[PDB]
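Two forms, one protein chain; C-alpha cells for each follow separately as structure 1 and structure 2.
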Structure 1
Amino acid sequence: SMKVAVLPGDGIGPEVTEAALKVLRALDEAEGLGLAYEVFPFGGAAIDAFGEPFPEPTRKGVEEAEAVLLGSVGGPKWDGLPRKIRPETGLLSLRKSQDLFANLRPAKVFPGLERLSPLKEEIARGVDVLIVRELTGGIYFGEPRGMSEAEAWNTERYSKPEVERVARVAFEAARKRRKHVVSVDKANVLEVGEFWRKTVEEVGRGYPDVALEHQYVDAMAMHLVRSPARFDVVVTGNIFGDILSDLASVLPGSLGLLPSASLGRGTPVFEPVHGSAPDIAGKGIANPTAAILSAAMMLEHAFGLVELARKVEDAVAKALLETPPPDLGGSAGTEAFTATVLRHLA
C-alpha cells in the first residue's frame, strides 16, 4: 500500500501538486505501487471553507495517511486575519501536530547545470548540501509571545531533548552522506546558542565517525555563498534554518527547485520550499520541479523507495537541462516541463 494525504493549498500549490501527482501516477502504473490518494483542504482554501487553515477532516486525513504531499499556502486574500487562523499558522500547526521536528532541505547543483546558478560556475560546481532545520520549536513556537501598542515580544528557546533529537537526525544523515556536520548558532552572543552548541557537541560524542564543526549564523550565510561545495550536512534551529535554506535555494539558481521533507513522530510531510506565488497562479508557468522532487523525497523517506526517488531526480535533472521553465530562462510551461520529466522516466 501507499496511502497519501494530498493538501494542494493555494496559488500555484494545486498546479505544482498536480504535476507531482502525474509523476507519481506514472510510477504507480509502471511499478505497481498501489498508490491511493485523497485531497484535503488546507490553507486559504480551508479558511474560506471551514474557518480554519488546518480543519478537522484535514487533520484526520493527515493522521490516517502514511505521508502528506503538500502544495503551498497563503496569498493576499487572507492578509490581516487573526494570527491563530493565518494560512502560515495552519502550516506550523500541521508540522507541530505531527511533531515533525526534522526538516530536510537538500540544495544541490546538478552536474552540467552550474550555468543557471547566480554564482560563478567553479563555486556552484559539486554543491550538495543538506540543511537539517529544527522545525517545531524555537521562536516559531516559544512563549511568552505577544504585542501591545507599546512593544512586541517572541521567545527563542530550546530544551535539551529538542536539540538532541534534531541533532541526532543530522548525525544519522551525515553518516549516510559525507560524514560531516556543521552546526550553526549565535553562541558568541546568545545563551540559546551556547546551549545549542553544548548539546550538539554531546550528541556528537555518540558519532565519532562524523566530523563536527560549529559556525556562527552570520559567518555561515557568507560561507554558503563563497564555498558552498565544502558542506555536507548543516544543522540549525528554526529561524536560522528558515533563512539559510532560502539562501541555499539560490545555489541551483532558483527557488522553484528546492524540495523538502518534514520528519518526526507522526505522518511525514513533503512540500516544495517555495510559497504560493499568487502573481503567477493559473498561468501555466510555475516551475514544478520542487513539488516533483518533494514527491521524490516522499518515495525515499516515507516509503523506502530510494531507487525510484533517484530515477525521478535523474529525470528532473535531464528535463532542466533539456527544456527549462521560464524561471531558468526557458520557455517550458508547467505542463510541458512535466511531460519532459515523464519521457525521461521512460
Structure 2
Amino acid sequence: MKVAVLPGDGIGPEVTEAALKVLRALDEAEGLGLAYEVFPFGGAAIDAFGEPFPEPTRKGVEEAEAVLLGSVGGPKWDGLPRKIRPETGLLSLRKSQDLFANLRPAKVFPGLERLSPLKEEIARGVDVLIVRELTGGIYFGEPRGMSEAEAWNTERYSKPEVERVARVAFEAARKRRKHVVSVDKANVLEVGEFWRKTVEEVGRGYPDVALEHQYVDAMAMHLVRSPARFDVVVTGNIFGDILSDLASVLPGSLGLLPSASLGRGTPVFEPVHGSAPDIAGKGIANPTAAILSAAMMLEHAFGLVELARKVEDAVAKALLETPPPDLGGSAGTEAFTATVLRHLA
C-alpha cells in the first residue's frame, strides 16, 4: 500500500489528516503495509514550486499505488493565468494518469433521511454508484465550432471507450449488489444504440451481474421517485455529468460525498467538495467525504472490500453519535474523527 497523499488547499489538509488517522489506525489492527508520502499539490505548490503539479509530486503520483487527494483552489490563486491555476493542475493529474471512469456514490445512511430533500420513505436505503465516462463523448468530440449563424459539437464514441468504462461498472457491481443500469438515449440516437449494443456484449463476460438499460430522461425521473432501487449506473460523459450531480443532492450534505477516478494510471480518490476557504482553519469541516474516499481506495485500489465496508459502518455510526455542524450537530473535525476510530476499534 503505497499512497501519495496530496492534501491541497483550504480544508484539504484538515479532512485529509482525518482520513490518514483512520488509515493509520486500520494499518495497526490489520497490518496493512501502509506507506504514504505527503506531496505539494495545487496552490500550496504554486507557492513553494511556482506551479500546481510540481515535478516531485508528479513522480510521487507515478510511483504510488493510489492517490488520496484533498482539495485545491482558493482566492489566493484565483486571478492567475489559466495555465498555472491549482485547479488546472487537477485536470493534469487525471489526464496524466489516463483516468476514464469517474465513480461517485450517493448514500443516505440510516437515520440520516431527514437530511435528504426527498421524503423519508423515498430517501431510505439510497446507495447508488454513478460511473461516468470521462474521456470521450461531446465534450471532446470533433467536429466542433461556432460561426455567426450556427454552432455544432459532436457526441462521438468508439467501441474501446465504451467497453472499458462498462468493465469498471461490471467489476464495481460485483463488490456491491450485482446490478448495473446502463443509461443512453438509444431510441433516438445512434450513439445510444451503439452504447447499449456494446455494454450488452460486455455484460456477457459478467454473467453473475444483472444488466438493465434505461433512457436518460427516464433515469432523471427514477433517481427522484425511486432511487433506492439502483446499485450501479453507468453512462456517457454529458449524461454522467448531469446524473451524478442529480444523485449527489439526495444525501443532503456536500461533506458526505466521496469520489474516485479509475483508469490506466494511478487512481485518485477525493471528496466531491472543494477547499471551502470560509470554514478553513476553524476545526469544523466534516471529514466524512475524505474518510469515505480512503474507504473507496481500500475497495477499488487494493480490493480490500470488507475493510472498506468496516470504515463505512464506523462512519455511519459516528454520523449518528456525534454529527458535524453541517448535519446540525456540534462535533468538530477532531471530535468526529475520534468517534469514527472508536467504532473501528
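Superpose the two forms; the largest set of C-alphas matching within 1.5 Å is the rigid core. Numbering runs along the sequence of structure 1, starting at 1.
- Aligning the rigid core between structures 1 and 2 and inspecting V109, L258, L135, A261, the C-alpha positions shift by 2 Å or more at one residue, which is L135.
- Relative to the larger rigid part, the smaller one has turned by 24° between structures 1 and 2, according to C-alpha superposition.
- CA movement of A248 between structures 1 and 2 equals 2.7 Å, with the two forms superposed on the rigid core.
- After superposition on the rigid core, the Cα atom of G51 is displaced by 1.3 Å between structures 1 and 2.
- The two forms, fitted on their core, place the C-alpha of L190 9.7 Å apart, compared between structures 1 and 2.
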